[PDB]
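Visitor: This is the structure I have questions about; it appears just below.
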Amino acid sequence: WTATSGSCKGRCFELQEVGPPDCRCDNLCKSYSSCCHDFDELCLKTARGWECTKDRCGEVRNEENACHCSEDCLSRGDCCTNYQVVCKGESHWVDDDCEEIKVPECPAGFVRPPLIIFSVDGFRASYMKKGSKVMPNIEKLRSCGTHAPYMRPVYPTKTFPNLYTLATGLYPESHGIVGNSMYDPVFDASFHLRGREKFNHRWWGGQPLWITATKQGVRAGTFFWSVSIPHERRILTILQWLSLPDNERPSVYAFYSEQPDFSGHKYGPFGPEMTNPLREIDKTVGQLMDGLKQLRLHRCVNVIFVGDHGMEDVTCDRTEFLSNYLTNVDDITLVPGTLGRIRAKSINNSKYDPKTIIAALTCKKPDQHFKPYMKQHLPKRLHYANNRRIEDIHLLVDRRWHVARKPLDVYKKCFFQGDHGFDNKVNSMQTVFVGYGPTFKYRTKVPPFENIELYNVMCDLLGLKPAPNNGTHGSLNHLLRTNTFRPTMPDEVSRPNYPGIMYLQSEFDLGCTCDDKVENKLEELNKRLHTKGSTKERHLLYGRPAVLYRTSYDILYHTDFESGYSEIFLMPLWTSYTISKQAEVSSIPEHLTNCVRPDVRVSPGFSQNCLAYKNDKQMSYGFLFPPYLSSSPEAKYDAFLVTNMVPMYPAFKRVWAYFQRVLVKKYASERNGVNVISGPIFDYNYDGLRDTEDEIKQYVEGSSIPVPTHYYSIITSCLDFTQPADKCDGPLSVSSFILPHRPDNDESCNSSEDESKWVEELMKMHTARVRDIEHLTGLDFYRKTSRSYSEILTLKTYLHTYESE
Ligand SMILES: *[C@@H]1O[C@H](CO)[C@@H](O[C@@H]2O[C@H](CO)[C@@H](O[C@@H]3O[C@H](CO[C@H]4O[C@H](CO)[C@@H](O)[C@H](O[C@H]5O[C@H](CO)[C@@H](O)[C@H](O)[C@@H]5O[C@H]5O[C@H](CO)[C@@H](O)[C@H](O)[C@@H]5O)[C@@H]4O)[C@@H](O)[C@H](O[C@H]4O[C@H](CO)[C@@H](O)[C@H](O)[C@@H]4O[C@H]4O[C@H](CO)[C@@H](O)[C@H](O)[C@@H]4O)[C@@H]3O)[C@H](O)[C@H]2NC(C)=O)[C@H](O)[C@H]1NC(C)=O
Ligand SMILES: O=C(c1cc(OCC2CCOCC2)nc(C2CC2)c1)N1CC[C@@H]2CN(C(=O)c3ccc4[nH]nnc4c3)C[C@@H]2CC1
Ligand SMILES: [Ca+2]
Ligand SMILES: [K+]
Ligand code: NA
Ligand SMILES: [Zn+2]
């Protein structure tokens, strides 16, 4: 109930919300049907429009006007934004040369530079270049401030998941807003764009910026605007709030624009009708900046111009229909469009089988424009699994396409020419970032980065301590002139053992055999020193990884590689080796094909055994350091140590063999040497975090050898490729992956062809940040470099995307 009887007089755009049934005058009241009767008349004035004209100058205050051109307007803080331009001979902000803002130039009483976050829905990254002639204010912010060529949204590249990620620093799986549409089985409730359920606080996890600010005594301007409130009024309201007394004035403000998304959907991302909305967004930016300049705030405020996602060309005829694949199509619920989520229509139907649904959707048509996944098999870089609101069965839809259940859904719902929601690596989904202000750098371009990082930076801009989040705090320090955050490296929790020769061959009863009874003081002091770590500076370029949890592990040295061997998981946590440009690929000799050798430094009790693999009809084994890249016939024997062995399905060995035999050498050739760190990952509960031993769901049959869910590699070289990887003087270059360890290659539709036609594409799909691998393994890489820690943090967040220019 709303008793709409009270009044908005002197309460227009009030900052604290008041409790029903007392009527409301805040910027959200319309959206709750809760405004006082007089809200429109008092708060939403329009008379005379939004601009002063020559003859309105020095007029007598008429309170009915939308904005004022009277003499007192300045000190009332309610001039039209162009007032000083029309009436006092001033220039537009956009026409002034830019001048470095070395320090905040703020009115007396300002305790910190304010922050204004100007967010634009559907603003595709390439609009910065392609619409540059029609957006002169935006181009001035961009070229004078700090900008990235684009910013990576989160998956799915929808409106609510991305806006709430900007607010929280959290993946949608952690913040809970996993789509624009959702079913929560615990609540038995549904979240939709249209309607009231979305207002209930139980949907919204984490801690968004406005709450972080409030709890720490920073005042927040109410972030959200009822859709009917026009843009000009939002700007004037912000400017008016900025005129409040010190004790009442907020420090952080939000403006949201529905454009260009709204038009992008109707006309496609580059439709000729898209010029106008871009012009209009720019004009609004101009009004803000002119408004700030009038208040002498234009060298005081930090302004963020940020998009939630881009926009792709998508039409009704590019729809796949599940009714073309599925016989039981009425027994499923589909969340449709640019992604697919499938569950059973009814939980009482015990004949619903996800396994058979997946198989029926897998590689069925030569040009199929979606791929089905169990959510835990999605590329780990999407971080899209650990939420009860994310259905077990997911469809990754090709860019430019839609998925629907039945054709009736598409014509009883071509209207639209643009959409978004695809894989967040897709170029058309990239969006924008521009920071302008005393705290951002001057005329600086920064590399692309992910939107999950910005919450930390907005917290830094306001002197707040961020709630725990998925950003890597410090990885965006290179955006900022000051207020940087100086993190320390995490402390190593477990130190390694350095075992020597402690066991005799005959103590091993592993069912392993090797043709190695093949016989000198020159090459014997030599093998001793290699086992003591004489070549360790060659293969361990950035120090050993730190183990950040309690465990028992050993460092093992070899001529060609170094490993940290886990006595608990019976395999390395990591294996590190360097392959120079000059290195040679060799094959495994025939006498060594099934050779597995006991490691005399590690107890039988802490070793794998060959018998488990013989018994396990599903499971085979591979090696972390590839025998193909051994430096010499004698060094090759080290690669067959039982301590370099890891469990691998035969289907995954195809993937692994090609990577190790062909790709490593190829990268060394292209990058002038590479350092490689490889290892297993165990993520049975798909939370993106290292499993403890009691979480492991699968072992090699009859043994305690745990089966990894994934294998990672981190491939580092010199950013200046004219220097070799092992003698690099400056910044580094990295690419990494987290390959799912699967008993089949159903994911790759062309897997019956030669590995040369499908493996690299699979790896590219499962590209990863080093930081993703840190979460998954409890390890911390690049501990010993000459580089600044902030720069290392930036490198650890890098994602090699494999999209063109
Ligand atoms: C991205 O960053 C985020 C933030 O840093 C990371 O997520 C954190 O990871 C922590 C480790 O998994 C996790 O810690 C757990 O928290 C439990 C209490 O948590 C509540 O309080 C916080 C603080 O206010 C709150 O934010 C949480 O909010 C979640 O839950 C509500 C729903 O109730 C949602 O609205 C909200 O969106 C959020 O959901 C997300 O997280 C949960 C898990 O917490 C998921 O299940 C959801 O899918 C969703 O993703 C909470 O309200 C605490 O009870 C846990 O402690 C257990 O485990 C420890 C091990 O140390 C042990 O000491 C205890 O015994 C205890 O076990 C008991 O509970 C078990 C489960 O019932 C049971 O089996 C046992 O036998 C015991 O009874 C634990 O410490 C933290 O909550 C989240 N935070 C957030 C915001 O998600 C995320 O990891 C990062 N991602 C990556 C890839 O890096
Ligand atoms: O006020 C907002 C808002 C702005 C915002 O800011 C967060 C800032 C954090 C700091 O960093 C900067 C951001 N956070 C949110 C939610 C997440 C908490 C909402 N909205 C008004 C319009 C409504 C109507 N919508 C639609 O009707 C709609 C719009 C576009 C669509 N595309 N496809 N479907 C669509 C449906 C979208 C819906 C949400 C957007
Ligand atoms: Ca886990
Ligand atoms: K086997
Ligand atoms: Na296949
Ligand atoms: Zn949209």
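Just so we're on the same page: first chain in the structure tokens is A, next is B, and so on; residues restart at 1 for each chain, and ligands are numbered from 1 in the order they show up.
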Counting only C-alpha atoms and all ligand atoms, give me one row per residue of chain A with an atom at most 9 Å from an atom of ligand 5, showing the shortest contact pair and its distance in Å to one decimal, sorted by chain then residue number, as JSON lines.
Guide:
```
{"residue": "A:362", "atom": "CA", "partner": "ligand 5", "partner_atom_place_in_ligand_line": "1 (Na)", "distance": 8.8}
{"residue": "A:363", "atom": "CA", "partner": "ligand 5", "partner_atom_place_in_ligand_line": "1 (Na)", "distance": 7.6}
{"residue": "A:744", "atom": "CA", "partner": "ligand 5", "partner_atom_place_in_ligand_line": "1 (Na)", "distance": 7.3}
{"residue": "A:745", "atom": "CA", "partner": "ligand 5", "partner_atom_place_in_ligand_line": "1 (Na)", "distance": 4.6}
{"residue": "A:746", "atom": "CA", "partner": "ligand 5", "partner_atom_place_in_ligand_line": "1 (Na)", "distance": 3.9}
{"residue": "A:747", "atom": "CA", "partner": "ligand 5", "partner_atom_place_in_ligand_line": "1 (Na)", "distance": 5.9}
{"residue": "A:748", "atom": "CA", "partner": "ligand 5", "partner_atom_place_in_ligand_line": "1 (Na)", "distance": 4.6}
{"residue": "A:749", "atom": "CA", "partner": "ligand 5", "partner_atom_place_in_ligand_line": "1 (Na)", "distance": 4.3}
{"residue": "A:750", "atom": "CA", "partner": "ligand 5", "partner_atom_place_in_ligand_line": "1 (Na)", "distance": 5.6}
{"residue": "A:751", "atom": "CA", "partner": "ligand 5", "partner_atom_place_in_ligand_line": "1 (Na)", "distance": 4.3}
{"residue": "A:752", "atom": "CA", "partner": "ligand 5", "partner_atom_place_in_ligand_line": "1 (Na)", "distance": 6.3}
```
Visitor: With C-alpha atoms retained, export the selected residues as a PDB file, in the first residue's frame.
Guide:
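Written out: out.pdb:
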```pdb
ATOM      1  CA  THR A 362      26.196 -32.835 -30.047  1.00  0.00           C
ATOM      2  CA  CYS A 363      27.744 -32.344 -33.501  1.00  0.00           C
ATOM      3  CA  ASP A 744      36.208 -38.223 -25.147  1.00  0.00           C
ATOM      4  CA  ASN A 745      36.699 -35.487 -27.677  1.00  0.00           C
ATOM      5  CA  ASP A 746      32.932 -34.832 -28.160  1.00  0.00           C
ATOM      6  CA  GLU A 747      33.601 -31.125 -27.683  1.00  0.00           C
ATOM      7  CA  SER A 748      35.602 -31.009 -30.916  1.00  0.00           C
ATOM      8  CA  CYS A 749      33.259 -31.938 -33.850  1.00  0.00           C
ATOM      9  CA  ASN A 750      36.192 -32.595 -36.201  1.00  0.00           C
ATOM     10  CA  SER A 751      38.216 -34.791 -33.776  1.00  0.00           C
ATOM     11  CA  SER A 752      38.326 -37.847 -36.096  1.00  0.00           C
TER      12      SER A 752
END
```
Visitor: Which polymer residues have any atom within 10 Å of an atom of residue 337 (chain A), counting only C-alpha atoms, with same-chain residues fewer than 3 positions away left out, as a PyMOL selection string?
Guide: chain A and resi 319-320+334+340-341+395+397+401-405+410+419-422
Visitor: So that I have them on file, write out the residues from the current selection with C-alpha atoms, as a PDB file, in the first residue's frame.
Guide:
```pdb
ATOM      1  CA  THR A 319      17.962 -19.163 -35.079  1.00  0.00           C
ATOM      2  CA  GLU A 320      18.564 -22.831 -34.378  1.00  0.00           C
ATOM      3  CA  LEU A 334      14.957 -23.472 -22.257  1.00  0.00           C
ATOM      4  CA  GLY A 340      21.012 -21.467 -23.812  1.00  0.00           C
ATOM      5  CA  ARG A 341      20.190 -22.956 -20.452  1.00  0.00           C
ATOM      6  CA  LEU A 395      24.571 -23.965 -24.842  1.00  0.00           C
ATOM      7  CA  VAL A 397      25.807 -20.014 -29.055  1.00  0.00           C
ATOM      8  CA  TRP A 401      23.025 -16.575 -33.760  1.00  0.00           C
ATOM      9  CA  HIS A 402      20.140 -17.338 -31.463  1.00  0.00           C
ATOM     10  CA  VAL A 403      18.833 -20.602 -30.001  1.00  0.00           C
ATOM     11  CA  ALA A 404      15.112 -21.148 -29.353  1.00  0.00           C
ATOM     12  CA  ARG A 405      13.063 -24.163 -28.271  1.00  0.00           C
ATOM     13  CA  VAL A 410      10.369 -16.689 -32.417  1.00  0.00           C
ATOM     14  CA  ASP A 419      21.806  -8.721 -29.655  1.00  0.00           C
ATOM     15  CA  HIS A 420      24.475  -9.616 -27.018  1.00  0.00           C
ATOM     16  CA  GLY A 421      25.102 -12.306 -24.417  1.00  0.00           C
ATOM     17  CA  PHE A 422      27.741 -14.354 -26.341  1.00  0.00           C
TER      18      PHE A 422
END
```
Visitor: Do you know which residues are at most 9 Å from residue 721 (chain A) counting only C-alpha atoms, after dropping those on the same chain fewer than 2 positions away, and could you put them as a list in words?
Guide: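 Skipping anything fewer than 2 positions along the chain leaves residues 670, 671, 672, 673, 717, 718, 719, 723, 724, 725, 728 and 733 of chain A.
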Visitor: Could you pull out the strand (DSSP E or B) residues of region 292-512 of chain A from DSSP and send them as a ChimeraX atom specification?
Guide: /A:302-307,312-313,319-321,332-335,337,339-344,370-374,393-397,402-404,418-419,431-436,440,444-445,449-450,480,494,497
Visitor: Counting only C-alpha atoms and all ligand atoms, what are the residues of chain A within 7 Å of ligand 2, and for each of them which pair of atoms is the nearest and at what distance in Å, to one decimal? Sort the table by chain and rising number, as CSV.
Guide:
```
residue,atom,partner,partner_atom_place_in_ligand_line,distance
A:117,CA,ligand 2,12 (C),5.7
A:118,CA,ligand 2,12 (C),6.8
A:119,CA,ligand 2,12 (C),5.2
A:121,CA,ligand 2,30 (C),6.6
A:158,CA,ligand 2,33 (N),6.7
A:159,CA,ligand 2,31 (C),5.8
A:160,CA,ligand 2,17 (C),5.2
A:163,CA,ligand 2,17 (C),4.6
A:164,CA,ligand 2,17 (C),3.9
A:166,CA,ligand 2,11 (O),4.5
A:167,CA,ligand 2,9 (C),3.8
A:193,CA,ligand 2,36 (C),6.3
A:209,CA,ligand 2,10 (C),6.8
A:223,CA,ligand 2,6 (O),6.5
A:224,CA,ligand 2,1 (O),4.2
A:225,CA,ligand 2,1 (O),5.3
A:226,CA,ligand 2,21 (C),6.9
A:227,CA,ligand 2,22 (C),6.1
A:254,CA,ligand 2,8 (C),6.5
A:256,CA,ligand 2,4 (C),5.6
A:258,CA,ligand 2,29 (C),6.1
A:261,CA,ligand 2,30 (C),6.0
A:262,CA,ligand 2,30 (C),6.2
A:306,CA,ligand 2,12 (C),6.8
```
Visitor: Using C-alpha atoms, can you export the residues from the last selection as an mmCIF file, in the first residue's frame?
Guide:
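And here's out.cif as it stands now:
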```
data_model
loop_
_atom_site.group_PDB
_atom_site.id
_atom_site.type_symbol
_atom_site.label_atom_id
_atom_site.label_comp_id
_atom_site.auth_asym_id
_atom_site.auth_seq_id
_atom_site.Cartn_x
_atom_site.Cartn_y
_atom_site.Cartn_z
ATOM 1 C CA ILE A 117 30.338 6.783 -13.090
ATOM 2 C CA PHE A 118 28.732 7.315 -16.503
ATOM 3 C CA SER A 119 27.640 3.910 -17.766
ATOM 4 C CA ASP A 121 24.424 0.104 -22.152
ATOM 5 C CA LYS A 158 23.999 -9.447 -20.670
ATOM 6 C CA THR A 159 22.886 -6.210 -18.944
ATOM 7 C CA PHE A 160 22.182 -7.262 -15.325
ATOM 8 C CA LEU A 163 26.159 -4.013 -14.323
ATOM 9 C CA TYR A 164 26.184 -5.995 -11.138
ATOM 10 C CA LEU A 166 30.830 -3.514 -12.283
ATOM 11 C CA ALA A 167 29.203 -2.818 -8.922
ATOM 12 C CA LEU A 193 13.480 -8.053 -16.475
ATOM 13 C CA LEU A 209 29.932 -0.106 -4.290
ATOM 14 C CA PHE A 223 22.616 5.102 -8.339
ATOM 15 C CA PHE A 224 19.446 4.221 -10.208
ATOM 16 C CA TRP A 225 17.040 6.300 -12.266
ATOM 17 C CA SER A 226 13.418 5.445 -13.130
ATOM 18 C CA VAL A 227 13.423 4.900 -16.897
ATOM 19 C CA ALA A 254 25.998 7.088 -11.083
ATOM 20 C CA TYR A 256 23.067 5.139 -16.611
ATOM 21 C CA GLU A 258 19.800 2.900 -22.025
ATOM 22 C CA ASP A 261 21.787 -0.684 -26.517
ATOM 23 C CA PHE A 262 18.120 0.234 -27.109
ATOM 24 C CA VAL A 306 32.160 2.636 -18.991
#
```
Visitor: Please write out the residues within 6 Å of ligand 3 as number ranges by chain, counting only C-alpha atoms and all ligand atoms.
Guide: A: 683-691
Visitor: Could the residues in this selection be written to a file with N, CA, C and O atoms, as a PDB file, in the first residue's frame?
Guide:
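Writing done, so here's result-v9.pdb:
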```pdb
ATOM      1  N   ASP A 683      39.342 -29.747  -9.890  1.00  0.00           N
ATOM      2  CA  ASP A 683      38.205 -28.932  -9.539  1.00  0.00           C
ATOM      3  C   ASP A 683      36.869 -29.727  -9.675  1.00  0.00           C
ATOM      4  O   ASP A 683      35.988 -29.326 -10.415  1.00  0.00           O
ATOM      5  N   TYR A 684      36.712 -30.799  -8.887  1.00  0.00           N
ATOM      6  CA  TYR A 684      35.500 -31.593  -8.921  1.00  0.00           C
ATOM      7  C   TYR A 684      34.196 -30.897  -8.505  1.00  0.00           C
ATOM      8  O   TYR A 684      33.101 -31.350  -8.891  1.00  0.00           O
ATOM      9  N   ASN A 685      34.276 -29.822  -7.730  1.00  0.00           N
ATOM     10  CA  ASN A 685      33.076 -29.097  -7.338  1.00  0.00           C
ATOM     11  C   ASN A 685      32.899 -27.785  -8.135  1.00  0.00           C
ATOM     12  O   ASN A 685      32.058 -26.923  -7.788  1.00  0.00           O
ATOM     13  N   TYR A 686      33.661 -27.668  -9.237  1.00  0.00           N
ATOM     14  CA  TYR A 686      33.607 -26.559 -10.192  1.00  0.00           C
ATOM     15  C   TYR A 686      33.391 -25.172  -9.557  1.00  0.00           C
ATOM     16  O   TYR A 686      32.606 -24.335 -10.055  1.00  0.00           O
ATOM     17  N   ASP A 687      34.120 -24.912  -8.472  1.00  0.00           N
ATOM     18  CA  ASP A 687      34.060 -23.577  -7.859  1.00  0.00           C
ATOM     19  C   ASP A 687      35.228 -22.666  -8.278  1.00  0.00           C
ATOM     20  O   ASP A 687      35.345 -21.502  -7.781  1.00  0.00           O
ATOM     21  N   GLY A 688      36.067 -23.181  -9.188  1.00  0.00           N
ATOM     22  CA  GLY A 688      37.225 -22.414  -9.700  1.00  0.00           C
ATOM     23  C   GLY A 688      38.356 -22.404  -8.673  1.00  0.00           C
ATOM     24  O   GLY A 688      39.325 -21.669  -8.803  1.00  0.00           O
ATOM     25  N   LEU A 689      38.241 -23.220  -7.638  1.00  0.00           N
ATOM     26  CA  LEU A 689      39.248 -23.208  -6.593  1.00  0.00           C
ATOM     27  C   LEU A 689      39.856 -24.583  -6.367  1.00  0.00           C
ATOM     28  O   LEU A 689      39.166 -25.604  -6.471  1.00  0.00           O
ATOM     29  N   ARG A 690      41.144 -24.603  -6.030  1.00  0.00           N
ATOM     30  CA  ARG A 690      41.849 -25.837  -5.728  1.00  0.00           C
ATOM     31  C   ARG A 690      41.021 -26.800  -4.812  1.00  0.00           C
ATOM     32  O   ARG A 690      40.607 -26.391  -3.728  1.00  0.00           O
ATOM     33  N   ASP A 691      40.786 -28.047  -5.224  1.00  0.00           N
ATOM     34  CA  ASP A 691      40.188 -29.043  -4.319  1.00  0.00           C
ATOM     35  C   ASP A 691      41.165 -29.538  -3.237  1.00  0.00           C
ATOM     36  O   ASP A 691      42.371 -29.728  -3.491  1.00  0.00           O
TER      37      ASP A 691
END
```
Visitor: Do you know which residues are within 7 Å of ligand 1 using only C-alpha atoms and all ligand atoms? Can you write them as a list in words?
Guide: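 Counting only C-alpha atoms and all ligand atoms, the residues within 7 Å of ligand 1 come out as residues 170, 171, 173, 174, 175, 176, 202, 203, 204, 205, 206, 383, 386, 387, 388, 468, 469, 470, 687, 688, 689, 772 and 775 of chain A.
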Visitor: Go through chain A and flag each residue having an atom no more than 6 Å from ligand 4; for those, report the closest pair of atoms plus their distance in Å to one decimal, using only C-alpha atoms and all ligand atoms, ordered by chain and rising number, as CSV.
Guide:
```
residue,atom,partner,partner_atom_place_in_ligand_line,distance
A:613,CA,ligand 4,1 (K),4.4
A:614,CA,ligand 4,1 (K),4.7
A:616,CA,ligand 4,1 (K),4.5
A:617,CA,ligand 4,1 (K),4.4
A:618,CA,ligand 4,1 (K),5.6
A:619,CA,ligand 4,1 (K),4.4
A:620,CA,ligand 4,1 (K),4.3
```
Visitor: Create the file for the chosen residues now, containing N, CA and C atoms and written as a PDB file, in the first residue's frame.
Guide:
```
ATOM      1  N   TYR A 613      47.436 -48.492 -13.812  1.00  0.00           N
ATOM      2  CA  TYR A 613      47.126 -48.118 -15.186  1.00  0.00           C
ATOM      3  C   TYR A 613      46.811 -49.313 -16.050  1.00  0.00           C
ATOM      4  N   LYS A 614      47.485 -50.436 -15.818  1.00  0.00           N
ATOM      5  CA  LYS A 614      47.184 -51.662 -16.583  1.00  0.00           C
ATOM      6  C   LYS A 614      45.770 -52.120 -16.235  1.00  0.00           C
ATOM      7  N   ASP A 616      43.310 -50.300 -14.888  1.00  0.00           N
ATOM      8  CA  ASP A 616      42.341 -49.294 -15.338  1.00  0.00           C
ATOM      9  C   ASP A 616      42.248 -49.261 -16.855  1.00  0.00           C
ATOM     10  N   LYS A 617      41.201 -49.916 -17.323  1.00  0.00           N
ATOM     11  CA  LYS A 617      40.851 -49.973 -18.727  1.00  0.00           C
ATOM     12  C   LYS A 617      40.437 -48.632 -19.340  1.00  0.00           C
ATOM     13  N   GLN A 618      39.935 -47.689 -18.543  1.00  0.00           N
ATOM     14  CA  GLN A 618      39.629 -46.324 -19.060  1.00  0.00           C
ATOM     15  C   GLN A 618      40.854 -45.372 -19.086  1.00  0.00           C
ATOM     16  N   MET A 619      41.792 -45.579 -18.165  1.00  0.00           N
ATOM     17  CA  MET A 619      42.777 -44.563 -17.856  1.00  0.00           C
ATOM     18  C   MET A 619      44.146 -44.918 -18.392  1.00  0.00           C
ATOM     19  N   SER A 620      44.834 -43.988 -19.040  1.00  0.00           N
ATOM     20  CA  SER A 620      46.220 -44.228 -19.438  1.00  0.00           C
ATOM     21  C   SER A 620      47.114 -43.206 -18.694  1.00  0.00           C
TER      22      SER A 620
END
```
Visitor: Which residues, written as a PyMOL selection string, have at least one atom at most 12 Å from region 67-77 of chain A, with only C-alpha atoms counted and residues fewer than 2 positions away on the same chain left out?
Guide: chain A and resi 43-65+79-88+232-233+235-245+291-296
Visitor: Neighbouring residues of residue 187 (chain A) were defined as those with any atom within 12 Å, considering only C-alpha atoms; residues of the same chain fewer than 3 positions away were excluded. Please report them as a short mmCIF file (atom, residue, chain, number, x, y, z; two decimals) with N, CA and C atoms, in the first residue's frame.
Guide:
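To be explicit, this is the file written out as around.cif:
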```cif
data_model
loop_
_atom_site.label_atom_id
_atom_site.label_comp_id
_atom_site.auth_asym_id
_atom_site.auth_seq_id
_atom_site.Cartn_x
_atom_site.Cartn_y
_atom_site.Cartn_z
N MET A 182 16.27 -15.76 -14.61
CA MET A 182 16.79 -16.87 -13.78
C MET A 182 15.72 -17.59 -12.97
N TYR A 183 15.98 -18.86 -12.69
CA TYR A 183 15.15 -19.65 -11.80
C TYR A 183 16.02 -20.06 -10.61
N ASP A 184 15.61 -19.76 -9.38
CA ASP A 184 16.37 -20.23 -8.24
C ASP A 184 15.58 -21.38 -7.58
N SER A 190 11.37 -17.05 -9.62
CA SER A 190 11.92 -16.64 -10.92
C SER A 190 12.26 -15.15 -10.97
N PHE A 191 13.42 -14.81 -11.53
CA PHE A 191 13.88 -13.41 -11.70
C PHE A 191 13.69 -13.04 -13.16
N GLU A 197 9.77 -9.43 -8.70
CA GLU A 197 10.70 -10.38 -8.01
C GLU A 197 12.17 -9.88 -7.98
N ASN A 200 13.50 -7.94 -4.95
CA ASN A 200 13.77 -8.64 -3.70
C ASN A 200 15.30 -8.80 -3.50
N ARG A 202 17.22 -10.82 -1.81
CA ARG A 202 17.84 -12.15 -1.80
C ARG A 202 18.49 -12.57 -3.16
N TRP A 203 18.12 -11.92 -4.26
CA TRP A 203 18.81 -12.18 -5.54
C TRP A 203 20.27 -11.68 -5.60
N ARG A 388 23.64 -22.43 -8.10
CA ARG A 388 22.41 -23.24 -8.26
C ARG A 388 21.46 -22.65 -9.30
N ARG A 389 21.63 -21.36 -9.61
CA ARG A 389 20.81 -20.73 -10.63
C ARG A 389 21.27 -20.98 -12.06
#
```
Visitor: For ligand 6, which residue among A:378, A:429, A:502, A:301 is the nearest when counting only C-alpha atoms and all ligand atoms?
Guide: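 Looking only at the distances to ligand 6, the closest residue turns out to be A:429.
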Visitor: Just give me the gap between CA of residue 494 (chain A) and CA of residue 579 (chain A) in Å, one decimal is fine.
Guide: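 CA of residue 494 (chain A) sits 28.7 Å away from CA of residue 579 (chain A).
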Visitor: Kindly indicate which residue among A:195, A:307, A:633, A:136 lies nearest to ligand 6, using only C-alpha atoms and all ligand atoms for the distances.
Guide: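 Using only C-alpha atoms and all ligand atoms, ligand 6 sits closest to A:307.
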Visitor: Would you please work out which residue, of A:709, A:376, A:566, A:644, is nearest to residue 678 (chain A) when using only C-alpha atoms?
Guide: A:644
Visitor: Just the number, please: distance in Å from CA of residue 103 (chain A) to CA of residue 463 (chain A), one decimal.
Guide: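 Rounded to one decimal, the two atoms are 15.9 Å apart.
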Visitor: Taking into account only C-alpha atoms and all ligand atoms, which residue in the set A:645, A:108, A:314, A:479 is nearest to ligand 6?
Guide: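 Among the listed residues, the smallest separation from ligand 6 belongs to A:314.
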Visitor: Nearest to residue 488 (chain A): which of A:134, A:396, A:213, A:792 is it, counting only C-alpha atoms?
Guide: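 The shortest atom-to-atom distance to residue 488 (chain A) comes from A:792.
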Visitor: Excluding residue 802 (chain A) and any residue of its chain fewer than 6 positions from it, enumerate the residues within 10 Å of it, using only C-alpha atoms, and give them as a PyMOL selection string.
Guide: chain A and resi 425-427+761+764-765+767
